[PDB]
>>> print(open('structure36.pdb').read())   # PDB, N, CA, C and O atoms
ATOM      1  N   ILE A   1      -0.017  -9.607  -1.998
ATOM      2  CA  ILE A   1      -0.174 -10.898  -2.743
ATOM      3  C   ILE A   1      -0.291 -10.545  -4.237
ATOM      4  O   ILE A   1      -0.506  -9.364  -4.506
ATOM      5  N   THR A   2      -0.097 -11.495  -5.150
ATOM      6  CA  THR A   2      -0.353 -11.190  -6.536
ATOM      7  C   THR A   2      -1.673 -11.936  -6.851
ATOM      8  O   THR A   2      -1.902 -13.004  -6.286
ATOM      9  N   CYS A   3      -2.474 -11.373  -7.734
ATOM     10  CA  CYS A   3      -3.675 -12.144  -8.099
ATOM     11  C   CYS A   3      -3.918 -11.980  -9.614
ATOM     12  O   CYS A   3      -3.484 -11.041 -10.293
ATOM     13  N   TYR A   4      -4.786 -12.845 -10.120
ATOM     14  CA  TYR A   4      -5.232 -12.796 -11.526
ATOM     15  C   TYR A   4      -6.382 -11.784 -11.573
ATOM     16  O   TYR A   4      -7.124 -11.609 -10.617
ATOM     17  N   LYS A   5      -6.375 -11.091 -12.700
ATOM     18  CA  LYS A   5      -7.367 -10.017 -12.859
ATOM     19  C   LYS A   5      -8.056 -10.029 -14.208
ATOM     20  O   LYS A   5      -7.401 -10.075 -15.251
ATOM     21  N   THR A   6      -9.351 -10.031 -14.061
ATOM     22  CA  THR A   6     -10.248  -9.905 -15.260
ATOM     23  C   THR A   6     -10.279  -8.391 -15.473
ATOM     24  O   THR A   6      -9.955  -7.649 -14.518
ATOM     25  N   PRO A   7     -10.610  -7.820 -16.615
ATOM     26  CA  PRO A   7     -11.032  -8.503 -17.819
ATOM     27  C   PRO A   7     -10.103  -9.203 -18.781
ATOM     28  O   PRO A   7     -10.795  -9.751 -19.709
ATOM     29  N   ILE A   8      -8.803  -9.349 -18.824
ATOM     30  CA  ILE A   8      -8.114 -10.166 -19.878
ATOM     31  C   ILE A   8      -6.813 -10.584 -19.140
ATOM     32  O   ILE A   8      -5.866  -9.815 -19.126
ATOM     33  N   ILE A   9      -7.056 -11.740 -18.569
ATOM     34  CA  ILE A   9      -6.155 -12.325 -17.598
ATOM     35  C   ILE A   9      -4.740 -11.805 -17.638
ATOM     36  O   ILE A   9      -4.031 -11.788 -18.623
ATOM     37  N   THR A  10      -4.385 -11.313 -16.460
ATOM     38  CA  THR A  10      -3.057 -10.781 -16.119
ATOM     39  C   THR A  10      -2.954 -11.043 -14.603
ATOM     40  O   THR A  10      -4.010 -11.229 -14.009
ATOM     41  N   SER A  11      -1.757 -11.067 -14.106
ATOM     42  CA  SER A  11      -1.433 -11.264 -12.706
ATOM     43  C   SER A  11      -0.762  -9.966 -12.207
ATOM     44  O   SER A  11       0.260  -9.646 -12.832
ATOM     45  N   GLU A  12      -1.334  -9.328 -11.204
ATOM     46  CA  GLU A  12      -0.806  -8.047 -10.731
ATOM     47  C   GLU A  12      -0.729  -8.004  -9.208
ATOM     48  O   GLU A  12      -1.524  -8.677  -8.535
ATOM     49  N   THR A  13       0.130  -7.132  -8.709
ATOM     50  CA  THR A  13       0.187  -6.983  -7.238
ATOM     51  C   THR A  13      -1.041  -6.238  -6.736
ATOM     52  O   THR A  13      -1.403  -5.246  -7.405
ATOM     53  N   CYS A  14      -1.557  -6.691  -5.619
ATOM     54  CA  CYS A  14      -2.750  -6.020  -5.024
ATOM     55  C   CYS A  14      -2.178  -4.870  -4.176
ATOM     56  O   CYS A  14      -0.979  -4.932  -3.806
ATOM     57  N   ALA A  15      -3.056  -3.897  -3.935
ATOM     58  CA  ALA A  15      -2.540  -2.728  -3.159
ATOM     59  C   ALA A  15      -2.236  -3.198  -1.771
ATOM     60  O   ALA A  15      -2.843  -4.198  -1.355
ATOM     61  N   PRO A  16      -1.408  -2.479  -1.038
ATOM     62  CA  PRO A  16      -1.149  -2.890   0.350
ATOM     63  C   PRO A  16      -2.477  -2.941   1.091
ATOM     64  O   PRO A  16      -3.381  -2.087   0.914
ATOM     65  N   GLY A  17      -2.630  -3.955   1.940
ATOM     66  CA  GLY A  17      -3.911  -4.016   2.681
ATOM     67  C   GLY A  17      -4.760  -5.116   2.069
ATOM     68  O   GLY A  17      -5.412  -5.848   2.830
ATOM     69  N   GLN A  18      -4.607  -5.319   0.797
ATOM     70  CA  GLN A  18      -5.362  -6.451   0.198
ATOM     71  C   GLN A  18      -4.454  -7.692   0.271
ATOM     72  O   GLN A  18      -3.494  -7.713  -0.510
ATOM     73  N   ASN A  19      -4.867  -8.709   0.972
ATOM     74  CA  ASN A  19      -4.120  -9.956   1.159
ATOM     75  C   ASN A  19      -4.930 -11.165   0.730
ATOM     76  O   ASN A  19      -4.578 -12.281   1.121
ATOM     77  N   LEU A  20      -5.909 -10.997  -0.146
ATOM     78  CA  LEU A  20      -6.667 -12.105  -0.716
ATOM     79  C   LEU A  20      -6.933 -11.841  -2.210
ATOM     80  O   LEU A  20      -6.862 -10.759  -2.826
ATOM     81  N   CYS A  21      -7.234 -12.930  -2.879
ATOM     82  CA  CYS A  21      -7.664 -13.110  -4.270
ATOM     83  C   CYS A  21      -9.079 -13.714  -4.191
ATOM     84  O   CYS A  21      -9.335 -14.456  -3.239
ATOM     85  N   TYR A  22      -9.860 -13.389  -5.202
ATOM     86  CA  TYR A  22     -11.218 -13.919  -5.295
ATOM     87  C   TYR A  22     -11.551 -14.280  -6.748
ATOM     88  O   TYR A  22     -11.043 -13.652  -7.679
ATOM     89  N   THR A  23     -12.417 -15.243  -6.871
ATOM     90  CA  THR A  23     -13.105 -15.797  -7.984
ATOM     91  C   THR A  23     -14.623 -15.637  -7.704
ATOM     92  O   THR A  23     -15.075 -16.170  -6.679
ATOM     93  N   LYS A  24     -15.204 -14.853  -8.626
ATOM     94  CA  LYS A  24     -16.677 -14.645  -8.373
ATOM     95  C   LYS A  24     -17.444 -15.080  -9.588
ATOM     96  O   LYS A  24     -17.003 -14.698 -10.695
ATOM     97  N   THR A  25     -18.499 -15.866  -9.404
ATOM     98  CA  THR A  25     -19.206 -16.317 -10.625
ATOM     99  C   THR A  25     -20.702 -16.116 -10.420
ATOM    100  O   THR A  25     -21.283 -15.841  -9.367
ATOM    101  N   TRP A  26     -21.346 -16.256 -11.559
ATOM    102  CA  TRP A  26     -22.819 -16.143 -11.529
ATOM    103  C   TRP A  26     -23.255 -16.509 -12.929
ATOM    104  O   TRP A  26     -22.486 -16.343 -13.878
ATOM    105  N   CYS A  27     -24.487 -16.997 -12.972
ATOM    106  CA  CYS A  27     -25.061 -17.296 -14.308
ATOM    107  C   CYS A  27     -25.524 -15.935 -14.850
ATOM    108  O   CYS A  27     -25.489 -14.879 -14.198
ATOM    109  N   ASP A  28     -25.964 -15.979 -16.070
ATOM    110  CA  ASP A  28     -26.493 -15.005 -17.005
ATOM    111  C   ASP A  28     -27.616 -15.651 -17.849
ATOM    112  O   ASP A  28     -27.765 -16.874 -17.758
ATOM    113  N   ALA A  29     -28.308 -14.846 -18.638
ATOM    114  CA  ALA A  29     -29.429 -15.285 -19.486
ATOM    115  C   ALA A  29     -28.963 -16.188 -20.621
ATOM    116  O   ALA A  29     -29.719 -16.831 -21.375
ATOM    117  N   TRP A  30     -27.640 -16.222 -20.697
ATOM    118  CA  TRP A  30     -26.938 -17.028 -21.729
ATOM    119  C   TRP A  30     -26.111 -18.110 -21.035
ATOM    120  O   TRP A  30     -25.201 -18.665 -21.672
ATOM    121  N   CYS A  31     -26.415 -18.393 -19.777
ATOM    122  CA  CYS A  31     -25.664 -19.395 -19.018
ATOM    123  C   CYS A  31     -25.589 -20.826 -19.531
ATOM    124  O   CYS A  31     -24.585 -21.527 -19.288
ATOM    125  N   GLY A  32     -26.622 -21.323 -20.169
ATOM    126  CA  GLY A  32     -26.706 -22.703 -20.680
ATOM    127  C   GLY A  32     -25.903 -22.902 -21.968
ATOM    128  O   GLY A  32     -25.403 -24.020 -22.215
ATOM    129  N   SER A  33     -25.789 -21.847 -22.760
ATOM    130  CA  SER A  33     -24.995 -21.861 -23.994
ATOM    131  C   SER A  33     -23.554 -21.448 -23.649
ATOM    132  O   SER A  33     -22.569 -22.177 -23.908
ATOM    133  N   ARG A  34     -23.455 -20.279 -23.024
ATOM    134  CA  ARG A  34     -22.140 -19.707 -22.675
ATOM    135  C   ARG A  34     -21.447 -20.055 -21.384
ATOM    136  O   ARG A  34     -20.200 -19.928 -21.420
ATOM    137  N   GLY A  35     -22.082 -20.523 -20.326
ATOM    138  CA  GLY A  35     -21.384 -20.894 -19.072
ATOM    139  C   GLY A  35     -21.461 -19.701 -18.121
ATOM    140  O   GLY A  35     -21.939 -18.662 -18.609
ATOM    141  N   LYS A  36     -20.936 -19.851 -16.915
ATOM    142  CA  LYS A  36     -21.065 -18.781 -15.901
ATOM    143  C   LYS A  36     -20.198 -17.598 -16.301
ATOM    144  O   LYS A  36     -19.376 -17.717 -17.233
ATOM    145  N   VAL A  37     -20.447 -16.451 -15.684
ATOM    146  CA  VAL A  37     -19.556 -15.311 -16.022
ATOM    147  C   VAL A  37     -18.554 -15.425 -14.847
ATOM    148  O   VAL A  37     -19.065 -15.884 -13.801
ATOM    149  N   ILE A  38     -17.299 -15.099 -14.986
ATOM    150  CA  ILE A  38     -16.365 -15.269 -13.849
ATOM    151  C   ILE A  38     -15.641 -13.928 -13.704
ATOM    152  O   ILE A  38     -15.411 -13.280 -14.746
ATOM    153  N   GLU A  39     -15.386 -13.492 -12.507
ATOM    154  CA  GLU A  39     -14.664 -12.261 -12.164
ATOM    155  C   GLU A  39     -13.532 -12.611 -11.171
ATOM    156  O   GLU A  39     -13.831 -13.360 -10.247
ATOM    157  N   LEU A  40     -12.353 -12.048 -11.448
ATOM    158  CA  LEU A  40     -11.161 -12.313 -10.633
ATOM    159  C   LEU A  40     -10.501 -11.010 -10.190
ATOM    160  O   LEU A  40     -10.477 -10.123 -11.030
ATOM    161  N   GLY A  41      -9.997 -10.949  -8.963
ATOM    162  CA  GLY A  41      -9.330  -9.683  -8.587
ATOM    163  C   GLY A  41      -8.752  -9.863  -7.169
ATOM    164  O   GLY A  41      -8.698 -10.956  -6.631
ATOM    165  N   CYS A  42      -8.363  -8.732  -6.654
ATOM    166  CA  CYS A  42      -7.750  -8.600  -5.328
ATOM    167  C   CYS A  42      -8.821  -8.271  -4.284
ATOM    168  O   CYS A  42      -9.790  -7.667  -4.788
ATOM    169  N   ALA A  43      -8.666  -8.599  -3.022
ATOM    170  CA  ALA A  43      -9.694  -8.151  -2.035
ATOM    171  C   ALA A  43      -9.030  -7.996  -0.673
ATOM    172  O   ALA A  43      -8.054  -8.720  -0.387
ATOM    173  N   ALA A  44      -9.481  -7.085   0.176
ATOM    174  CA  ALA A  44      -8.942  -6.926   1.552
ATOM    175  C   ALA A  44      -9.649  -7.898   2.494
ATOM    176  O   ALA A  44      -9.046  -8.505   3.416
ATOM    177  N   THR A  45     -10.915  -8.129   2.300
ATOM    178  CA  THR A  45     -11.802  -9.063   3.001
ATOM    179  C   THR A  45     -12.668  -9.761   1.953
ATOM    180  O   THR A  45     -12.983  -9.112   0.937
ATOM    181  N   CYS A  46     -12.990 -11.022   2.068
ATOM    182  CA  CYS A  46     -13.755 -11.689   0.979
ATOM    183  C   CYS A  46     -15.056 -10.940   0.717
ATOM    184  O   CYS A  46     -15.787 -10.746   1.717
ATOM    185  N   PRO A  47     -15.308 -10.561  -0.537
ATOM    186  CA  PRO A  47     -16.488  -9.794  -0.979
ATOM    187  C   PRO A  47     -17.806 -10.470  -0.650
ATOM    188  O   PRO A  47     -17.849 -11.703  -0.845
ATOM    189  N   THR A  48     -18.817  -9.719  -0.149
ATOM    190  CA  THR A  48     -20.089 -10.482   0.120
ATOM    191  C   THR A  48     -20.735 -10.416  -1.280
ATOM    192  O   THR A  48     -20.428  -9.489  -2.046
ATOM    193  N   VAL A  49     -21.484 -11.433  -1.623
ATOM    194  CA  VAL A  49     -22.140 -11.461  -2.938
ATOM    195  C   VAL A  49     -23.651 -11.600  -2.764
ATOM    196  O   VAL A  49     -24.222 -11.769  -1.668
ATOM    197  N   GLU A  50     -24.363 -11.589  -3.874
ATOM    198  CA  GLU A  50     -25.833 -11.689  -3.858
ATOM    199  C   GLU A  50     -26.112 -13.200  -3.835
ATOM    200  O   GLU A  50     -25.224 -13.979  -4.162
ATOM    201  N   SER A  51     -27.342 -13.481  -3.426
ATOM    202  CA  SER A  51     -27.789 -14.887  -3.338
ATOM    203  C   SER A  51     -27.573 -15.562  -4.673
ATOM    204  O   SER A  51     -27.170 -16.740  -4.609
ATOM    205  N   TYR A  52     -27.746 -14.945  -5.827
ATOM    206  CA  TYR A  52     -27.497 -15.658  -7.100
ATOM    207  C   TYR A  52     -26.033 -15.672  -7.543
ATOM    208  O   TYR A  52     -25.680 -16.155  -8.650
ATOM    209  N   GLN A  53     -25.154 -15.224  -6.662
ATOM    210  CA  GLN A  53     -23.715 -15.274  -7.072
ATOM    211  C   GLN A  53     -22.927 -16.210  -6.173
ATOM    212  O   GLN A  53     -23.274 -16.506  -4.995
ATOM    213  N   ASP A  54     -21.745 -16.672  -6.616
ATOM    214  CA  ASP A  54     -20.878 -17.528  -5.792
ATOM    215  C   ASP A  54     -19.474 -16.892  -5.670
ATOM    216  O   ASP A  54     -19.043 -16.298  -6.652
ATOM    217  N   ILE A  55     -18.824 -17.088  -4.565
ATOM    218  CA  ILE A  55     -17.466 -16.483  -4.425
ATOM    219  C   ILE A  55     -16.583 -17.433  -3.622
ATOM    220  O   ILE A  55     -17.185 -18.136  -2.800
ATOM    221  N   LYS A  56     -15.293 -17.357  -3.911
ATOM    222  CA  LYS A  56     -14.313 -18.227  -3.282
ATOM    223  C   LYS A  56     -13.041 -17.381  -3.237
ATOM    224  O   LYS A  56     -12.495 -16.911  -4.235
ATOM    225  N   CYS A  57     -12.584 -17.184  -2.014
ATOM    226  CA  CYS A  57     -11.368 -16.395  -1.801
ATOM    227  C   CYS A  57     -10.145 -17.285  -1.465
ATOM    228  O   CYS A  57     -10.390 -18.402  -0.986
ATOM    229  N   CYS A  58      -8.983 -16.746  -1.775
ATOM    230  CA  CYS A  58      -7.759 -17.473  -1.426
ATOM    231  C   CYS A  58      -6.681 -16.487  -0.992
ATOM    232  O   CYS A  58      -6.843 -15.298  -1.211
ATOM    233  N   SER A  59      -5.591 -17.036  -0.440
ATOM    234  CA  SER A  59      -4.560 -16.178   0.120
ATOM    235  C   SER A  59      -3.116 -16.410  -0.237
ATOM    236  O   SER A  59      -2.216 -16.046   0.557
ATOM    237  N   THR A  60      -2.881 -17.019  -1.375
ATOM    238  CA  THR A  60      -1.510 -17.327  -1.844
ATOM    239  C   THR A  60      -1.361 -16.700  -3.206
ATOM    240  O   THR A  60      -2.463 -16.763  -3.776
ATOM    241  N   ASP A  61      -0.196 -16.201  -3.542
ATOM    242  CA  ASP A  61       0.017 -15.578  -4.863
ATOM    243  C   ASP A  61      -0.523 -16.357  -6.044
ATOM    244  O   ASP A  61      -0.271 -17.574  -6.187
ATOM    245  N   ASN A  62      -1.179 -15.688  -6.959
ATOM    246  CA  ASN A  62      -1.813 -16.187  -8.170
ATOM    247  C   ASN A  62      -2.717 -17.402  -7.901
ATOM    248  O   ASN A  62      -2.744 -18.273  -8.793
ATOM    249  N   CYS A  63      -3.361 -17.422  -6.756
ATOM    250  CA  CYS A  63      -4.212 -18.581  -6.411
ATOM    251  C   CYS A  63      -5.577 -18.671  -7.109
ATOM    252  O   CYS A  63      -6.314 -19.649  -6.822
ATOM    253  N   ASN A  64      -5.930 -17.713  -7.925
ATOM    254  CA  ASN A  64      -7.235 -17.658  -8.565
ATOM    255  C   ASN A  64      -7.111 -17.629 -10.066
ATOM    256  O   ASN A  64      -7.561 -16.617 -10.629
ATOM    257  N   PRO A  65      -6.580 -18.660 -10.690
ATOM    258  CA  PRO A  65      -6.455 -18.583 -12.151
ATOM    259  C   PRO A  65      -7.777 -18.737 -12.866
ATOM    260  O   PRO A  65      -8.766 -19.150 -12.262
ATOM    261  N   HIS A  66      -7.845 -18.332 -14.108
ATOM    262  CA  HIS A  66      -9.094 -18.480 -14.931
ATOM    263  C   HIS A  66      -9.055 -19.981 -15.182
ATOM    264  O   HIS A  66      -7.923 -20.506 -15.295
ATOM    265  N   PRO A  67     -10.151 -20.690 -15.238
ATOM    266  CA  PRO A  67     -10.024 -22.141 -15.492
ATOM    267  C   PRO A  67      -9.744 -22.478 -16.949
ATOM    268  O   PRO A  67      -9.941 -23.635 -17.390
ATOM    269  N   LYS A  68      -9.230 -21.559 -17.746
ATOM    270  CA  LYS A  68      -8.905 -21.775 -19.156
ATOM    271  C   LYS A  68      -7.556 -21.299 -19.688
ATOM    272  O   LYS A  68      -7.490 -21.083 -20.921
ATOM    273  N   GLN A  69      -6.509 -21.115 -18.918
ATOM    274  CA  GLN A  69      -5.189 -20.670 -19.215
ATOM    275  C   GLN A  69      -4.058 -21.012 -20.143
ATOM    276  O   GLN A  69      -4.024 -20.721 -21.361
ATOM    277  N   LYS A  70      -2.984 -21.574 -19.607
ATOM    278  CA  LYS A  70      -1.716 -22.023 -20.194
ATOM    279  C   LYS A  70      -0.883 -22.669 -19.081
ATOM    280  O   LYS A  70      -0.495 -21.986 -18.118
ATOM    281  N   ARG A  71      -0.621 -23.966 -19.180
ATOM    282  CA  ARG A  71       0.153 -24.685 -18.170
ATOM    283  C   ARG A  71       0.443 -26.154 -18.409
ATOM    284  O   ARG A  71       1.208 -26.592 -19.280
ATOM    285  N   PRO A  72      -0.161 -26.980 -17.579
ATOM    286  CA  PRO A  72      -0.006 -28.440 -17.538
ATOM    287  C   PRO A  72       0.892 -29.045 -18.584
ATOM    288  O   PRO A  72       2.018 -29.401 -18.113
TER     289      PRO A  72
END
>>> encode(input="structure36.pdb", output="structure tokens")
Amino acid sequence: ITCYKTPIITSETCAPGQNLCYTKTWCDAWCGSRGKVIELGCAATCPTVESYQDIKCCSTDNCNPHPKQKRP
């Protein structure tokens, strides 16, 4: 699959075996001013996260865009 990858948005092929994309977020000490921190990448199985983090996996090419891109 292809997925979006942090740190400076690009779309790349995941290694064989990885058939999902993920979006992982979490607050920071600067969350109210700056917003959540977001991480994007490839995954073989959806990553387990810590109780203070959130994750959402998908399975279609480039399905995890940064919510601030170029389009519409």
>>> resolve_selection(input="structure36.pdb", expression="the PyMOL selection byres ((chain A and resi 61) around 8)", output="list in words")
residues 1, 2, 3, 4, 12, 19, 21, 58, 59, 60, 62, 63, 64 and 65 of chain A
>>> residues_near_point(input="structure36.pdb", point="(-12.2, -13.5, -6.9)", cutoff="8 Å", atoms="all atoms listed in the file", output="count of residues only")
20
>>> closest_residue(input="structure36.pdb", among="A:32, A:66, A:49, A:71", to="residue 5 in chain A", atoms="all atoms listed in the file")
A:66
>>> atom_distance(input="structure36.pdb", atom1="atom N of residue 30 in chain A", atom2="atom C of residue 7 in chain A")
19.0 Å
>>> select_by_dssp(input="structure36.pdb", residues="range 1-66 of chain A", states="strand (DSSP E)", output="ChimeraX atom specification")
/A:2-5,10-13,20-26,37-43,53-58
>>> select_by_dssp(input="structure36.pdb", residues="chain A", states="alpha helix (DSSP H)", output="PyMOL selection string")
chain A and resi 31-34
>>> atom_distance(input="structure36.pdb", atom1="atom C of residue 16 in chain A", atom2="CA of residue 48 in chain A")
19.2 Å
